[PDB]
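>>> before the rest arrives, take these chain(s) from the complex:
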Amino acid sequence: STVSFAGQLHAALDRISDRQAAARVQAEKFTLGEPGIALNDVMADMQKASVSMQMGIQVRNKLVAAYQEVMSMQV
Amino acid sequence: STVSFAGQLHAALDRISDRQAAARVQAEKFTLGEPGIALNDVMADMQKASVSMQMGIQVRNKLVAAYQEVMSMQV
Amino acid sequence: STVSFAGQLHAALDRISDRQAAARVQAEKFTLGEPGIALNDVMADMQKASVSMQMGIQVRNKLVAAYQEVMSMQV
Amino acid sequence: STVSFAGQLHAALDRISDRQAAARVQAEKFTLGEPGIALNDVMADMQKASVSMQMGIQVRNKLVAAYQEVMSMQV
Amino acid sequence: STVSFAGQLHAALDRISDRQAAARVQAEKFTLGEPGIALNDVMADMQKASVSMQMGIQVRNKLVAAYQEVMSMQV
Amino acid sequence: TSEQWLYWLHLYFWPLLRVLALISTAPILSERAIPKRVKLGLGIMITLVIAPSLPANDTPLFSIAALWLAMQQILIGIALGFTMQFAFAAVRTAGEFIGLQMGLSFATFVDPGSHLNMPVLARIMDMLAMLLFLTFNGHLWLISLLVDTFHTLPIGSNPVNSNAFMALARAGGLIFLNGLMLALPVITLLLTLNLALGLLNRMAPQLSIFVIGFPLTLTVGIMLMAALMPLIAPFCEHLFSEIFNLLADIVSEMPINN
Amino acid sequence: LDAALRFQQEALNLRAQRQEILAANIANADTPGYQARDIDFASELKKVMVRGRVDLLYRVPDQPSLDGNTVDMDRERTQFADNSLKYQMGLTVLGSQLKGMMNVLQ
Amino acid sequence: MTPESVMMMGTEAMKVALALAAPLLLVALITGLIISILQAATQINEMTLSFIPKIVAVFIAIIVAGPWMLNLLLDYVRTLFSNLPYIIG
Amino acid sequence: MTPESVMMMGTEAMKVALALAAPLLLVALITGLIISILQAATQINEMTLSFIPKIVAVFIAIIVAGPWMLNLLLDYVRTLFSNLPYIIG
């Protein structure tokens, strides 16, 4: 139907938030004493979540720079 | 009554200041040797206070940029 | 009595200069081997001098920006 | 004697240049394996030359700003 | 002949371009795996080409500012 | 958000460029009073509404060989907004010449660095026509015609044909024609007054239009233009519609002529 | 102002002095009749806060020795480790305050 | 600042303007009137024969009125700037 | 500055202007008056019949008066600019 790239940014933010929340709840469950979950799995998922979050931060920085530049053309 | 922009900023600055003051009091108590207070709490609370102050500084920068963007244009 | 903003500026710069002089003489007196003076105090005084000088620099920058923005308008 | 602004700037630039030449010769001799010259001396002199050059840059920038503010005056 | 502002400027811009091209060819051959070329050669020549670029850019900015200042005075 | 978009963000740039050209050139849109950010944001925030359903795919070439595409959009904007200025020039002529009748401009006659008549009567009728324009559908038909240009001359290798800038060149043209056709009754009546008070000189060469004529002609002009102010309201209709038709014509002349 | 660093600065100075005292303890752990000493960190910190710029109390001994020496080495080791750790903590706290003060500033 | 006050200021300005332009305007009018009375009765006339008499009349009038018109203008201006702070309210 | 001195400078300027213009106005008025006298006695006329006589008179005056006029103006202006520093106070 339509892409509505504000919807794409919303989807990216939702992905980042969901990944961090999943890592957080896995650390929750593991330190709570729940059997199953392993330590290396916890740390690996936390690492991946950190990388995705820095992904979002870099996209933020460059979008803000782009907008601050498109607001400089004289009309 | 109103939003009271001045009042809201005052409340936010009070929140940040009382957070740092409470963290400094906790470190005061720990270094002075009072039982109760723990090292792990001291470090965690001082780091949280650092985070809150950093948020305040970032909001300050964005608001100052906004104000100076409004005041540069011609009339 | 009267303020004479030049007088306040002179006072602030003198405060910064005397603080840095105290720090420099204490570094002189430590590396020269005089008893008393401790390394923790030397480093703390150096850091305090750096913070005061940075505050002077930031105040300078704001005052210069204010002056050049007042002087950039048309009578 | 007289002032001769041009002569003063000429002398200042000669001072900056020959300070840097001394630092460069120090680096030459140290990297070429000669006695005397110490690594602390090389690093300190190179830093001094950098600071002097930076000061020259700032003085130049302020002079150019003053010049282009003086000759944008409407007579 | 004569000073040939057009020809001189063309030659200078060609010098800039061929220094960039030499650096790019060297980096190409280094990442392709061709023996010989050292890493410090690549980095040093790339930075030299960047500094040449910056010098050209600054010259351009100053000349453009000069031209637009001369072509704005009312006659 | 990648180039999987960030080259589909090449869908916004050309329509934005054309809308911005029109805004920077249009009669009401390009008034120095508007803060520049408003005009720019209006361009961006119109193209965001128009950009979907605009199938555009091009390339901002390094050392742009497709700058001749950018030219195109700019040109079309210059076509739409600037032409709509003719309708104002007309009245900015007519009223001006009316002053040139009464007394207001003998400084502009025998010689200077001060004109002083543009502030007097041309800016009355020009801002009256400003309001007459706005009050419709003034602000809008230009934007609708810009969208129509997006649909008739979207993006192409054959952007502009010759023989088509004469249309706008010898268009005004109707600047002089319509300025007259508006100011004709006033000019004719003040011609009658001037020749009558001149005929008074036959009875006595002392009557000295400098002393008799100018106070009479100033009152006649002020009163008469007060009486003939409403005549502008129908004329502006004409003054805009025909020029729109011209734009419409050229906008619809271009596709079947490409 | 700028006496907001005073408390941790004076605490860190007193910690350094206590390090010196405990090192002297370890050094004289063999000299006959030494009568190991210490200072009360809390009381001395409060005293230096109320007035500004330290009595050497005697560490109460256990386990006599006939050489008069009362440095009981285990207590001194634990106290030296505690003092070193608290000194590093004070370093971190002062560092955090100075980091914050120079972060707000630029 | 009521319109009564602005009208008072304007009337003061107008009467000082006539006071400042009275001698020169009046002697110009008088010389024109005299040369015109002489213009007929021997009705000779080309256009003017009167511009130069007006020139010398204004010359002599500036020399004679001279000091006091400048002094009266100065009095009005100094008084106006001196009471500038009080007319606001 | 005092108004006495500005009136002094003004009268000096007016007298140099008058000396500068004296031959031109003089000959213009003289020839105009001569053609106006001869205007009657054959009262025939169109408007002036004196324009060309006035033009040739001012031609003659600018040629014969000429250099002393320009010299007087130059001396006045050179003295004015020379003593400009000394009149501020």
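Received the coordinates, thanks. Residues are numbered from 1 along each chain as shown, chains lettered A, B, ... in the order given.
>>> what's around the residue of chain G at minimum distance from chain A, how many residues?
As assessed by Cβ to the nearest Cβ, chain A sits closest to residue G:103 within chain G, at 18.4 Å. Quick note: C-beta positions are derived from backbone N, CA and C, even for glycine. Counted with other Cβ atoms under 10 Å in any protein chain shown, the neighbours of residue G:103 add up to 12.
>>> Could you check how far it is from residue G:89?
To residue G:89, residue G:103 is 21 Å away according to Cβ to Cβ, to the nearest Å.
>>> got it, and residue G:83?
Distance of residue G:83 to residue G:89, computed by Cβ to Cβ: 11 Å.
>>> The residue most central in space within chain H: what secondary structure?
Nearest to the mean C-alpha position of chain H, by Cα atoms, centre = their mean, lies residue H:21 at 0.7 Å. Secondary structure, DSSP: H, G, I helix; E, B strand; the rest coil: residue H:21 is helix.
>>> do you know how far it is from residue H:28?
As judged by Cβ to Cβ, residue H:21 and residue H:28 stand 10 Å apart.
>>> next one: residue H:63
In this view, residue H:63 and residue H:28 are 15 Å apart by Cβ to Cβ.
>>> These two: who's more crowded?
residue H:28 (17 against 14).
>>> Next, the spatially most central residue of chain A: secondary structure please.
For chain A, the residue lying nearest the average C-alpha position, counting by Cα atoms, centre = their mean, turns out to be residue A:16 (2.3 Å). Per three-state DSSP, the secondary structure class of residue A:16 is helix.
>>> then chain J, please:
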Amino acid sequence: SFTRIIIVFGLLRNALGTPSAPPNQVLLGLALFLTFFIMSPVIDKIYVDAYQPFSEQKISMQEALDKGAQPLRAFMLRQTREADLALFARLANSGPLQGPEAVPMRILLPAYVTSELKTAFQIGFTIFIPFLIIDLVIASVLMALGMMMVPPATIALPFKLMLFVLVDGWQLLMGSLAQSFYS
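Following on from the chains above, chain J is added here:
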């Protein structure tokens, strides 16, 4: 807001001769204070229905947006010229709109800015008209007296200033803008 007010101030400075009002500071500041006073009700409603609930409980950046948008939408709709919405719905290819609410943000914004421009210029040119009347009368009087080429703008400028101060200009203008901005 703050486009209409700032445009009206700019045009007012176009009249009255020379600018002589420090744009970067005084007109901008006055417009900003006046728009704050105008939006105190809208800001209050957005605060009460978003910030108090968005703070820690039952609303967090999901219903916060629409809770804060409804007041702003109502304010913007109350100000839009009724014909701009028509244009932007007819070019966005959207279908018929049943009621006032049916217009979305993607339509509401360009219509609001176009309507704000239209209203600002109607106000601004109505503000010019009297000062050009002053130009007319002074020029015609100078020409009637025969003051051949006395530069009527210089004479008009002080008369424009008392025209704008005897009529109690700044209070009437600010008050008319504030009143017009909710009618």
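>>> quick one on the thing from earlier: can you tell me how far the residue nearest to the centre of chain H sits from residue F:221?
29 Å.
>>> Helices of the stretch 101-250 of chain F, residue ranges please.
Ranges of helices in the stretch 101-250 of chain F, per DSSP state H, counting those that start in this stretch, are F:123-134, F:138-152, F:165-169, F:174-203, F:213-227, F:232-257.
>>> Among these, show me which one is buried the most.
Of the helices of the stretch 101-250 of chain F, the one with the most neighbours on average (mean count of other Cβ atoms under 10 Å in any protein chain shown) is helix F:123-134, at a mean of 21.
>>> how about the nearest residue to residue 9, chain neighbours excluded?
Looking at chain A here, since you left the chain open. With Cβ to Cβ, 6 or more residues apart in numbering or on different chains as the criterion, residue A:9 has its nearest non-adjacent residue at 6.2 Å, and that residue is residue F:1.
>>> ah, no, chain H please
Leaving aside its sequence neighbours, residue H:9 sits nearest to residue H:87 (Cβ to Cβ, 6+ apart; 7.9 Å).
>>> Report the contact partners of residue J:32.
Shown in contact with residue J:32 (Cβ atoms under 8 Å, 6 or more residues apart in numbering or on different chains): B:70, J:2.
>>> For it, give its distance to residue A:8.
Applying Cβ to Cβ, the value for residue J:32 to residue A:8 is 35 Å.
>>> Extend the structure above with chain K:
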Amino acid sequence: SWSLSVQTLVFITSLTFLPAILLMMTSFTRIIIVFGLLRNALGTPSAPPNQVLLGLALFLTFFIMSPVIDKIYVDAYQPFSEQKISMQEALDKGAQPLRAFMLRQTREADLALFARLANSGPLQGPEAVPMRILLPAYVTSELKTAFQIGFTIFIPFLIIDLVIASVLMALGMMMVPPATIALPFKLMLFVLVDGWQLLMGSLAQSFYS
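Adding chain K to the chains above:
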């Protein structure tokens, strides 16, 4: 109290709000407007705006506000230095002389308009006005006062222009440009009166009546 957190965070932002808000809160609106209007009279700019008039206005405003600055100094700074005052009591201590100073200059009807369009409830006295009401009201009153001074300054040069034009075209000099003849007389009039002293003294003394 604040703890070298928000303190020195509100100081730096105070300094960034300085050039516009504080300089347009006190004076230098009236002075600059009056000088600009004066410069429209007397002919061309003929005076380096961004150079001499701005600096002269800065010095003038320093001198006019000096009693206010001294009262703020004594009532706020030294008590704020180390003892019994920390940046909340300091605020009203430093505002009270400034609020009084701005009240004394506000039109007694601008406050009415801004208080009534800010839904403000009845005001008991001069001290019940909030800063929110008092800023824009003071700005509008200041603009009115500046334009009043402006016309009153224009008057005598209008006199000179009109008398010169009348004399010229009455004498028969039908179309010599009267502005060119008049400009030296404008400068002469404004220098014999010693115009600059009268102007700046009247502005200063008006600004406390």
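>>> Check the nearest residue to residue H:9 one more time with chain K there.
Closest residue to residue H:9 apart from its sequence neighbours, by Cβ to Cβ, 6+ apart: residue K:155 at 6.9 Å.
>>> Can you classify residue 56 by secondary structure?
Just going to use chain A. Classification of residue A:56 using three-state DSSP returns helix.
>>> Identify the residues contacting it.
Residues near residue A:56 by Cβ under 8 Å, 6+ apart: A:12, A:13, A:16.
>>> Quick one: residues contacting the second one.
Okay, so that is residue A:13. If you count contacts by Cβ under 8 Å, 6+ apart, residue A:13 has them with residue A:56.
>>> Can you say which helix or strand has it in it?
Residue A:13 is part of helix A:5-31, with elements assigned from DSSP states H and E.
>>> Show me how far that helix is from its chain's centre.
For helix A:5-31, the separation from the chain centroid amounts to 6 Å (computed by Cα atoms, centre = their mean, to the nearest Å).
>>> what comes up buried for it?
A:5, A:9, A:12, A:16, A:19, A:20, A:23, A:26, A:27, A:30 (16 or more other Cβ atoms under 10 Å in any protein chain shown).
>>> Same question for stretch F:7-19.
Neighbour-count burial for stretch F:7-19, counted by 16+ other Cβ under 10 Å, picks out F:11, F:12, F:13, F:14, F:15, F:16, F:17, F:18, F:19.
>>> Over to stretch H:30-40?
Across stretch H:30-40, burial judged by 16+ other Cβ under 10 Å covers H:31, H:32, H:35, H:39.
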